[PDB]
$ cat structure02.tsv   # TSV, C-alpha atoms
chain	number	residue	atom	x	y	z
A	22	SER	CA	-16.20	8.34	-18.36
A	23	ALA	CA	-12.66	9.63	-18.86
A	24	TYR	CA	-13.33	12.82	-16.90
A	25	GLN	CA	-14.86	10.81	-14.04
A	26	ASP	CA	-11.78	8.56	-14.21
A	27	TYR	CA	-9.53	11.60	-13.89
A	28	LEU	CA	-11.28	12.79	-10.73
A	29	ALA	CA	-10.98	9.38	-9.10
A	30	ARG	CA	-7.38	8.78	-10.20
A	31	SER	CA	-6.28	12.15	-8.83
A	32	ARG	CA	-7.93	11.48	-5.47
A	33	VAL	CA	-6.49	7.96	-5.29
A	34	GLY	CA	-3.02	9.36	-5.94
A	35	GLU	CA	-3.50	11.78	-3.05
A	36	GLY	CA	-4.52	8.90	-0.79
A	37	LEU	CA	-1.40	6.99	-1.78
A	38	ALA	CA	0.70	10.05	-0.95
A	39	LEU	CA	-1.03	10.43	2.43
A	40	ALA	CA	-0.08	6.81	3.13
A	41	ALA	CA	3.59	7.81	3.17
A	42	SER	CA	2.98	8.38	6.89
A	43	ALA	CA	2.19	4.69	7.26
A	44	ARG	CA	5.18	3.64	5.13
A	45	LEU	CA	7.37	5.63	7.51
A	46	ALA	CA	5.78	4.09	10.61
A	47	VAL	CA	6.27	0.59	9.21
A	48	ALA	CA	9.93	1.39	8.50
A	49	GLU	CA	10.42	2.78	12.02
A	50	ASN	CA	8.80	-0.27	13.60
A	51	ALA	CA	10.76	-2.64	11.37
A	52	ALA	CA	13.97	-0.85	12.45
A	53	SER	CA	13.08	-1.47	16.14
A	54	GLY	CA	11.58	-4.97	15.87
A	55	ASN	CA	8.16	-3.66	16.92
A	56	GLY	CA	4.71	-4.58	15.62
A	57	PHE	CA	4.36	-2.73	12.35
A	58	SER	CA	1.36	-0.59	13.34
A	59	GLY	CA	2.68	0.27	16.79
A	60	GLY	CA	2.19	3.95	17.55
A	61	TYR	CA	0.92	4.87	14.08
A	62	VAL	CA	-1.70	7.64	14.08
A	63	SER	CA	-3.26	7.98	10.63
A	64	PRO	CA	-3.68	11.49	9.18
A	65	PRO	CA	-7.03	13.30	9.41
A	66	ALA	CA	-9.75	11.79	7.28
A	67	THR	CA	-10.44	13.83	4.18
A	68	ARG	CA	-13.42	14.03	1.86
A	69	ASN	CA	-11.68	11.33	-0.22
A	70	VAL	CA	-9.87	9.05	2.25
A	71	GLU	CA	-11.89	7.13	4.83
A	72	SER	CA	-8.93	5.52	6.61
A	73	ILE	CA	-5.33	4.35	6.33
A	74	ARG	CA	-4.36	1.37	8.45
A	75	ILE	CA	-1.34	-0.87	8.95
A	76	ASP	CA	-1.46	-4.63	9.49
A	77	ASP	CA	0.58	-5.12	12.66
A	78	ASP	CA	1.80	-8.56	11.54
A	79	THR	CA	2.82	-7.97	7.91
A	80	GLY	CA	3.11	-4.20	7.52
A	81	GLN	CA	0.54	-4.14	4.72
A	82	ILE	CA	-1.10	-0.71	4.35
A	83	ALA	CA	-4.79	-0.56	3.43
A	84	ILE	CA	-6.23	2.72	2.13
A	85	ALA	CA	-10.02	2.98	2.13
A	86	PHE	CA	-11.55	5.67	-0.07
A	87	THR	CA	-14.88	7.39	0.44
A	88	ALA	CA	-17.89	7.20	-1.87
A	89	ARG	CA	-16.65	10.38	-3.60
A	90	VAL	CA	-14.03	8.08	-5.13
A	91	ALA	CA	-15.50	4.59	-5.24
A	92	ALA	CA	-18.38	2.54	-3.88
A	93	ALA	CA	-18.25	0.89	-0.48
A	94	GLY	CA	-16.87	-2.61	-0.86
A	95	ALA	CA	-14.96	-1.50	-3.98
A	96	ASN	CA	-12.88	1.20	-2.32
A	97	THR	CA	-9.66	-0.28	-0.88
A	98	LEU	CA	-6.12	-0.18	-2.21
A	99	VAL	CA	-3.23	-2.00	-0.55
A	100	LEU	CA	0.53	-1.54	-0.35
A	101	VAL	CA	2.58	-4.65	0.46
A	102	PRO	CA	6.11	-4.33	1.91
A	103	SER	CA	8.97	-6.70	1.34
A	104	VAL	CA	12.73	-6.88	1.82
A	105	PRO	CA	15.40	-8.85	-0.05
A	106	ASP	CA	16.28	-12.27	1.31
A	107	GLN	CA	19.82	-10.90	1.70
A	108	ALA	CA	20.95	-7.34	1.01
A	109	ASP	CA	23.89	-8.33	-1.19
A	110	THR	CA	22.87	-9.88	-4.52
A	111	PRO	CA	19.41	-11.07	-3.38
A	112	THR	CA	17.76	-14.07	-4.97
A	113	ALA	CA	14.21	-13.33	-3.73
A	114	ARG	CA	11.98	-10.94	-1.77
A	115	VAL	CA	10.38	-11.91	1.55
A	116	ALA	CA	7.56	-10.56	3.68
A	117	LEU	CA	8.53	-8.56	6.76
A	118	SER	CA	9.15	-10.49	10.00
A	119	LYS	CA	7.35	-9.14	13.07
A	120	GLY	CA	9.76	-8.72	15.96
A	121	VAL	CA	12.99	-8.72	13.92
A	122	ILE	CA	15.28	-5.69	13.60
A	123	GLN	CA	15.13	-4.87	9.87
A	124	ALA	CA	16.73	-1.58	8.83
A	125	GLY	CA	17.22	-2.01	5.07
A	126	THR	CA	15.11	-0.42	2.38
A	127	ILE	CA	11.55	-1.72	2.17
A	128	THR	CA	9.97	-2.09	-1.26
A	129	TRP	CA	6.25	-1.31	-1.43
A	130	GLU	CA	4.07	-2.88	-4.11
A	131	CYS	CA	0.62	-1.50	-4.86
A	132	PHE	CA	-2.31	-3.84	-5.52
A	133	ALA	CA	-5.71	-2.79	-6.82
A	134	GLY	CA	-8.65	-5.17	-7.02
A	135	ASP	CA	-7.72	-6.62	-10.41
A	136	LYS	CA	-4.06	-7.46	-9.68
A	137	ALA	CA	-3.65	-11.22	-9.31
A	138	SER	CA	0.11	-11.53	-8.90
A	139	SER	CA	3.14	-9.58	-7.81
A	140	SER	CA	5.03	-7.83	-10.60
A	141	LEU	CA	8.38	-6.47	-9.44
A	142	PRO	CA	11.87	-6.27	-10.95
A	143	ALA	CA	14.71	-8.49	-9.73
A	144	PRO	CA	14.96	-10.09	-7.23
A	145	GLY	CA	11.42	-10.96	-8.21
A	146	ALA	CA	7.93	-11.40	-6.84
A	147	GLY	CA	6.97	-9.90	-3.51
A	148	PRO	CA	4.16	-11.14	-1.25
A	149	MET	CA	0.50	-10.91	-2.18
A	150	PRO	CA	-1.95	-8.83	-0.14
A	151	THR	CA	-3.03	-10.03	3.29
A	152	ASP	CA	-6.47	-8.40	2.88
A	153	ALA	CA	-7.66	-8.30	-0.72
A	154	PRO	CA	-7.95	-4.81	-2.22
A	155	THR	CA	-11.22	-3.98	-3.90
A	156	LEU	CA	-10.63	-0.69	-5.74
A	157	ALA	CA	-11.04	-1.04	-9.49
A	158	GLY	CA	-7.63	-0.97	-11.15
A	159	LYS	CA	-8.76	1.66	-13.66
A	160	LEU	CA	-9.01	4.17	-10.78
A	161	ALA	CA	-5.53	3.42	-9.43
A	162	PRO	CA	-2.06	4.24	-10.76
A	163	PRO	CA	-0.97	1.83	-13.50
A	164	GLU	CA	1.57	0.12	-11.22
A	165	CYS	CA	-1.37	-1.10	-9.10
A	166	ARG	CA	-3.20	-2.86	-11.94
A	167	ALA	CA	-3.20	-6.30	-13.51

$ encode --input "structure02.tsv" --output "structure tokens"
Amino acid sequence: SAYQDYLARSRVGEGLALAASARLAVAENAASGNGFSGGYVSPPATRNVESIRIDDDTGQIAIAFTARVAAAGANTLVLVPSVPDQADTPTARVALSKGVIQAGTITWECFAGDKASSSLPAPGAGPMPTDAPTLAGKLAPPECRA
């Protein structure tokens, strides 16, 4: 139902906003050449957000929502980071490189369960998720959907 959809979408948006903490930790670790999850302490769990975690190798952020939002096994949303191949007039985006000092702006792409390819402006596609998201796209912001 549309009202049910509203409740879930609002709570998913809040989880995405809480994940700013992880986007900042990934940026800090990229700037120091550290594993991307190093030192990250996720915010307190809420009634809506079960966990926020960072993949130490790729910087991918996975947000797991509670059953108030979506069923177990259908409850994850992912954010994938990338950087341009070169800062000046890039021709492509690339996944982050663990151990390399990377201080430029990181672009984050959201993927819900239905999204089968990257959809970004120039310089083009970013990486796909490392761990597949499972949250139904209809519950996520439109930029996360197929």

$ atom_distance --input "structure02.tsv" --atom1 "atom CA of residue A:46" --atom2 "atom CA of residue A:99"
15.6 Å

$ atom_distance --input "structure02.tsv" --atom1 "atom CA of residue A:27" --atom2 "atom CA of residue A:162"
10.9 Å

$ atom_distance --input "structure02.tsv" --atom1 "atom CA of residue A:75" --atom2 "atom CA of residue A:109"
28.2 Å

$ closest_residue --input "structure02.tsv" --among "A:84, A:43, A:131, A:33" --to "residue A:167" --atoms "all atoms listed in the file"
A:131

$ closest_residue --input "structure02.tsv" --among "A:141, A:73, A:28, A:100" --to "residue A:113" --atoms "all atoms listed in the file"
A:141

$ closest_residue --input "structure02.tsv" --among "A:97, A:79, A:53, A:87" --to "residue A:161" --atoms "all atoms listed in the file"
A:97

$ residues_around --input "structure02.tsv" --residues "residue A:91" --least-positions-apart "4" --cutoff "10 Å" --atoms "all atoms listed in the file" --output "ChimeraX atom specification"
/A:29,33,69,85-87,95-97,155-157,160

$ write_last_selection --input "structure02.tsv" --atoms "C-alpha atoms" --output "PDB file, in the coordinates of the input"
ATOM      1  CA  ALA A  29     -10.980   9.380  -9.100  1.00  0.00           C
ATOM      2  CA  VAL A  33      -6.490   7.960  -5.290  1.00  0.00           C
ATOM      3  CA  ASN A  69     -11.680  11.330  -0.220  1.00  0.00           C
ATOM      4  CA  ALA A  85     -10.020   2.980   2.130  1.00  0.00           C
ATOM      5  CA  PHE A  86     -11.550   5.670  -0.070  1.00  0.00           C
ATOM      6  CA  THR A  87     -14.880   7.390   0.440  1.00  0.00           C
ATOM      7  CA  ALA A  95     -14.960  -1.500  -3.980  1.00  0.00           C
ATOM      8  CA  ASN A  96     -12.880   1.200  -2.320  1.00  0.00           C
ATOM      9  CA  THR A  97      -9.660  -0.280  -0.880  1.00  0.00           C
ATOM     10  CA  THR A 155     -11.220  -3.980  -3.900  1.00  0.00           C
ATOM     11  CA  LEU A 156     -10.630  -0.690  -5.740  1.00  0.00           C
ATOM     12  CA  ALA A 157     -11.040  -1.040  -9.490  1.00  0.00           C
ATOM     13  CA  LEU A 160      -9.010   4.170 -10.780  1.00  0.00           C
TER      14      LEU A 160
END

$ residues_around --input "structure02.tsv" --residues "stretch 64-66 of chain A" --least-positions-apart "6" --cutoff "9 Å" --atoms "all atoms listed in the file" --output "short mmCIF file (atom, residue, chain, number, x, y, z; two decimals) with C-alpha atoms, keeping the file's coordinate frame"
data_model
loop_
_atom_site.label_atom_id
_atom_site.label_comp_id
_atom_site.auth_asym_id
_atom_site.auth_seq_id
_atom_site.Cartn_x
_atom_site.Cartn_y
_atom_site.Cartn_z
CA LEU A 39 -1.03 10.43 2.43
CA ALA A 40 -0.08 6.81 3.13
CA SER A 42 2.98 8.38 6.89
CA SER A 72 -8.93 5.52 6.61
CA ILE A 73 -5.33 4.35 6.33
#

$ residues_around --input "structure02.tsv" --residues "residue A:158" --least-positions-apart "6" --cutoff "6 Å" --atoms "all atoms listed in the file" --output "list in words"
residues 133, 134, 135 and 166 of chain A

$ write_last_selection --input "structure02.tsv" --atoms "C-alpha atoms" --output "compact mmCIF listing (two decimals), keeping the file's coordinate frame"
# COMPACT_ATOMS: atom_id res chain seq x y z
CA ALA A 133 -5.71 -2.79 -6.82
CA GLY A 134 -8.65 -5.17 -7.02
CA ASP A 135 -7.72 -6.62 -10.41
CA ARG A 166 -3.20 -2.86 -11.94

$ residues_around --input "structure02.tsv" --residues "residue A:118" --least-positions-apart "6" --cutoff "9 Å" --atoms "all atoms listed in the file" --output "ChimeraX atom specification"
/A:51,54,78-79

$ residues_near_point --input "structure02.tsv" --point "(5.2, 1.2, 15.4)" --cutoff "12 Å" --atoms "all atoms listed in the file" --output "PyMOL selection string"
chain A and resi 42-63+74-78+80+119-120

$ build_atoms --input "structure02.tsv" --residues "stretch 131-144 of chain A" --atoms "N, CA, C and O atoms" --output "compact mmCIF listing (two decimals), in the coordinates of the input"
# COMPACT_ATOMS: atom_id res chain seq x y z
N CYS A 131 2.02 -1.85 -4.88
CA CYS A 131 0.62 -1.50 -4.86
C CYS A 131 -0.22 -2.56 -5.55
O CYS A 131 0.13 -3.04 -6.64
N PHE A 132 -1.35 -2.91 -4.93
CA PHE A 132 -2.31 -3.84 -5.52
C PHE A 132 -3.70 -3.21 -5.50
O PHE A 132 -4.20 -2.84 -4.43
N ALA A 133 -4.30 -3.09 -6.68
CA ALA A 133 -5.71 -2.79 -6.82
C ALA A 133 -6.48 -4.10 -6.97
O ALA A 133 -5.90 -5.19 -7.00
N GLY A 134 -7.81 -3.99 -7.08
CA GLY A 134 -8.65 -5.17 -7.02
C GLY A 134 -8.38 -6.18 -8.11
O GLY A 134 -8.60 -7.38 -7.91
N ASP A 135 -7.90 -5.73 -9.27
CA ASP A 135 -7.72 -6.62 -10.41
C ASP A 135 -6.37 -7.34 -10.44
O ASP A 135 -6.18 -8.19 -11.31
N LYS A 136 -5.45 -7.02 -9.54
CA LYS A 136 -4.06 -7.46 -9.68
C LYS A 136 -3.85 -8.80 -8.99
O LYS A 136 -3.88 -8.89 -7.75
N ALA A 137 -3.60 -9.84 -9.78
CA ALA A 137 -3.65 -11.22 -9.31
C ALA A 137 -2.29 -11.81 -9.00
O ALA A 137 -2.21 -12.96 -8.57
N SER A 138 -1.22 -11.05 -9.20
CA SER A 138 0.11 -11.53 -8.90
C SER A 138 1.05 -10.35 -8.74
O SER A 138 0.82 -9.27 -9.28
N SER A 139 2.11 -10.59 -7.99
CA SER A 139 3.14 -9.58 -7.81
C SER A 139 3.92 -9.41 -9.11
O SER A 139 4.21 -10.38 -9.82
N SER A 140 4.27 -8.16 -9.41
CA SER A 140 5.03 -7.83 -10.60
C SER A 140 6.09 -6.82 -10.17
O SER A 140 5.81 -5.62 -10.10
N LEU A 141 7.27 -7.31 -9.87
CA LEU A 141 8.38 -6.47 -9.44
C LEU A 141 9.62 -6.84 -10.23
O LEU A 141 9.73 -7.96 -10.76
N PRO A 142 10.58 -5.92 -10.34
CA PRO A 142 11.87 -6.27 -10.95
C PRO A 142 12.66 -7.22 -10.06
O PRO A 142 12.21 -7.56 -8.96
N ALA A 143 13.83 -7.66 -10.54
CA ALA A 143 14.71 -8.49 -9.73
C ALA A 143 14.90 -7.84 -8.35
O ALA A 143 15.03 -6.61 -8.27
N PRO A 144 14.92 -8.62 -7.27
CA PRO A 144 14.96 -10.09 -7.23
C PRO A 144 13.62 -10.80 -7.26
O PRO A 144 13.50 -11.93 -6.78
